[PDB]
Amino acid sequence: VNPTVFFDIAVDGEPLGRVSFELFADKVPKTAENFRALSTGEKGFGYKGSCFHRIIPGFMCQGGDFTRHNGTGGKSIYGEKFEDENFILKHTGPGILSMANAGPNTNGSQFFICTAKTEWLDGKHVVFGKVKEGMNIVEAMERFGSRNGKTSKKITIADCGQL
């Protein structure tokens, strides 16, 4: 059975709500395991306390840079970067979880939650999960974004783990 992980989201330190994700370990096991382990922190580092640094309404919410907090950092449990596992799954609509990258085979820890269908990312970003519960919380987060991605309040992962 595919693992489920949760983020508890806070806005300027005030609790907003919980989002849970199904990770498609049956189709992208290496990519799913990276996200799972970073969510539990079991390797000694991970997402707890990190922020969503880029939110564009009608597009996506981006996070996972837990070392520089602005899109220039992060690392995977396999090292600084790891390969594109496969592109079996596509960006079919809101709720899709996909890896951010800076070119072929440069996955780290950064990810984005799609809030729209983003078909032009198919075959370039590895899809590895989907929102299971709390899409309404993602929609609420989206309202703190802007056209250039800067957030009007600090959106943080106050807690996270495996359900």
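Let me sum up the structure you'll find in this document.

Some thoughts on the overall build of the chain
Counting secondary structure elements, the chain contains 2 helices and 8 strands. In terms of overall size, the chain behaves like a compact globule, its C-alpha atoms giving a radius of gyration of 14 Å where 163 residues would be expected to give roughly 15 Å. The principal-axis extents of the C-alpha atoms in the chain amount to approximately 35 × 35 × 30 Å. Burial status across the chain gives 53% buried among its 163 residues. In the structure as shown, the chain presents an accessible area of about 7,700 Å², 48% of it carried by carbon and sulfur atoms. Considering the chain, the positive charge centre built from 20 side chains and the negative charge centre built from 18 side chains are found 4 Å apart.

Examining the side chain of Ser109
Among the secondary structure elements, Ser109 is positioned in the loop between β5 (96-99) and β6 (111-114). You can call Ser109 buried: its relative accessible area is 1%. Within the local environment of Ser109, its side chain forms a polar contact with the backbone oxygen of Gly64, the two atoms lying 2.7 Å apart. If sequence neighbours within four positions are ignored, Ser109 has contacts with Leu38, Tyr47, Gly63, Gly64, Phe66, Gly74, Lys75, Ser76 and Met99.

Brief notes about the environment of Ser76
When you line up the elements, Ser76 lands in the loop between β4 (60-63) and β5. Taking relative accessible area as the criterion, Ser76 reaches 2% and is therefore assigned buried. Separated by 31 residues in sequence, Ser76 and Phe45 have C-alpha atoms that sit 9.6 Å apart. Ignoring any residue separated from it by four or fewer positions in sequence, one finds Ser76 in contact with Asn34, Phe45, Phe82, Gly108 and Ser109.

Criteria and thresholds
Throughout, residue numbers begin from 1 within each chain and advance along the sequence as written. They need not agree with those in the entry, and any residue without coordinates is left out. With hydrogens and water stripped out, all remaining heavy atoms of the structure feed into the side-chain values. Think of it this way: any DSSP run of H or I at least four residues long counts as a helix, any run of E at least two long counts as a strand, and we number them from the N terminus. Put simply, the radius of gyration uses C-alpha atoms, and a globule should come to 2.2 Å times the residue count raised to 0.38. Exposed residues in this analysis have more than 50% of their type's maximum accessible area, buried residues have under 20%, and partly exposed residues fall in between, with area computed by a 1.4 Å probe over protein chains only. With residues, only the protein chains shown are counted as cover, and all accessible areas are computed by Shrake-Rupley using a 1.4 Å probe. Charge assignment in this entry is limited to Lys and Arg as positive and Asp and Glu as negative, and neither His nor the chain termini are counted. Where a charge sits is defined by one atom per residue type, namely NZ (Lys), CZ (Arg), CG (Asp) or CD (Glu). For the purposes of these results, a polar contact is taken to be a pair of N or O atoms within 3.5 Å, where, inside protein, one atom must be able to donate a hydrogen and its partner to accept one; residues adjacent in sequence count only when each atom of the pair is a side-chain atom. Two residues qualify as a contact provided that any one of their heavy atoms is within 4.5 Å of a heavy atom in the partner residue.

Remember that the coordinates give geometry; whether it matters functionally is a separate question.
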